[PDB]
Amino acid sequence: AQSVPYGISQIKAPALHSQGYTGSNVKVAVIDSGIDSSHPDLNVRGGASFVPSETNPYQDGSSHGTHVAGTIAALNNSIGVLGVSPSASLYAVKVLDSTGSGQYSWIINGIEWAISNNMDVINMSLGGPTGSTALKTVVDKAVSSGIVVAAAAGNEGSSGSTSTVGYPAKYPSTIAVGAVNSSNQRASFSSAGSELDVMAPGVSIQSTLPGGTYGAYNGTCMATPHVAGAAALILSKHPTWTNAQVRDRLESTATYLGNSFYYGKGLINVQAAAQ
């Protein structure tokens, strides 16, 4: 039997599925530690690896990329879980090794791959506290090319009025994604700052793990794929909408939660956004 993780219901993705919209033909790059494409609850259509010591993108020694992939597009069937956009085409763009670490140049190579292979959506459930000119340039280019880029805001919590939002989420072109629990409360680890754009479920998020298993993790990284999948749903229903239009709808129709320093525009509502 299939379970529907609470976060998937929380952003109102099932309403889109009932309308007949599930992310079909929308190409989503998972720029992460790889995706174990042997998982029976996942379909992976392609990808590439820029991690020098781990050149097969369909192997994931961290589990992070597989878990993110399942929140985005775990298959709608009789097993495991359900992703936000279960018919989306997933691409394994491996830029982190099995420890979940990656050089910025590898990440850039992964983003450039996404550009060159006409991805519709990029998910980056990763960041660091350091900025990079090359990184900004590449993310800005992906966005000016028409690609939706969702980035984890970071898990550095709050520090008085100083922004703890990491990179590349800090840059204006990306959609920075914070984390809320099932009560719509900000998780205390979720980074804060005026760069925050939206929140999504990021506490106790059940999804796919390598080896055909399932498990829950917490993080703005688990929150991010909710937003990448939301984008996939919206574009499967509005295939002419640009990335800026997708973003504007996700933010303008978000459920207000409070002070935008801690919550951005609030919790995404994919049902409202895709009206």
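Residue indices: 1-based, along the sequence shown.
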Taking only the CA atoms, which stretch has the higher mean B-factor in the record, 154 to 162 or 134 to 142?
154 to 162
Ranked by mean Cα B-factor in the entry, 67 to 75 and 121 to 129, top stretch is 121 to 129
Residue of maximum C-alpha B factor among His226, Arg45, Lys237, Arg247, per deposited coordinates
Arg45
Would you check the entry's CA temperature factor for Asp197 and let me know if it's in the chain's lowest, middle or highest third?
middle
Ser38's Cα B-factor: lowest, middle or highest third of the chain?
highest
Lowest, middle or highest third: where is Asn56 by C-alpha B factor in its chain?
lowest
Would the CA B-factor of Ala15 place it in the lowest, middle or highest third of its chain?
highest
Please say which third, lowest, middle or highest, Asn25 falls into when its CA temperature factor is compared across its chain.
highest
